[PDB]
Amino acid sequence: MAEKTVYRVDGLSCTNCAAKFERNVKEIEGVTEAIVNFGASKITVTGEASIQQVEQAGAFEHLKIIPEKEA
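Residues numbered from 1 in each chain as written, not as in the entry; some residues may be left out. Heavy atoms only, no water.

Its PDB record attributes the structure to solution NMR.

Draft legend 1. Expanded view of the UniProt feature "binding site: Cd(2+)" in the protein. As annotated in UniProt, the feature "binding site: Cd(2+)" corresponds to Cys14 and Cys17 in the numbering used here. For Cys14, the position within the fold is in the loop between strand 1 (4-10) and helix 1 (15-27). The class for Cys17 is partly exposed, based on a relative accessible area of 24%. The residues touching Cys17, leaving out its near neighbours within four places in the chain, are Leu12 and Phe60. (UniProt positions renumbered as here; feature names shortened; annotations may be inferred. Helix = DSSP H or I, 4+ residues; strand = E, 2+ residues; numbered from the N terminus. Buried < 20%, exposed > 50% of the residue type's maximum accessible area, 1.4 Å probe, protein only. Contact = heavy atoms within 4.5 Å.)

Draft legend 2. Expanded view of helix 2 (residues 51-58). Listed in full, the buried residues belonging to helix 2 are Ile51, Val54, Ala57 and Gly58. Buried residues of helix 2, viewed axially, fall in a sector of 115°; they line one side. Facing away from the buried side of helix 2 by more than 90 degrees, the exposed set consists of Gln52 and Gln56. Next to the buried residues of helix 2 lie strand 1, helix 1, strand 3 (41-47) and strand 4 (64-66). (Arc of directions from axis to C-beta.)

See the structure below:
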């Protein structure tokens, strides 16, 4: 009852690449929204999908994204 998540991402540092990313996410039919910061931050995904799909997309620059966990 929320179906939104954010994962921590590191490596790339350019708004244009962030824009490439969020659009790459939007292309996936599994997600509704995505809010992707990069630089030294995180990648929010919302809809009904997980980083994995975005991970594949991120192969354009080879990013490393980590699902945060505390438990």
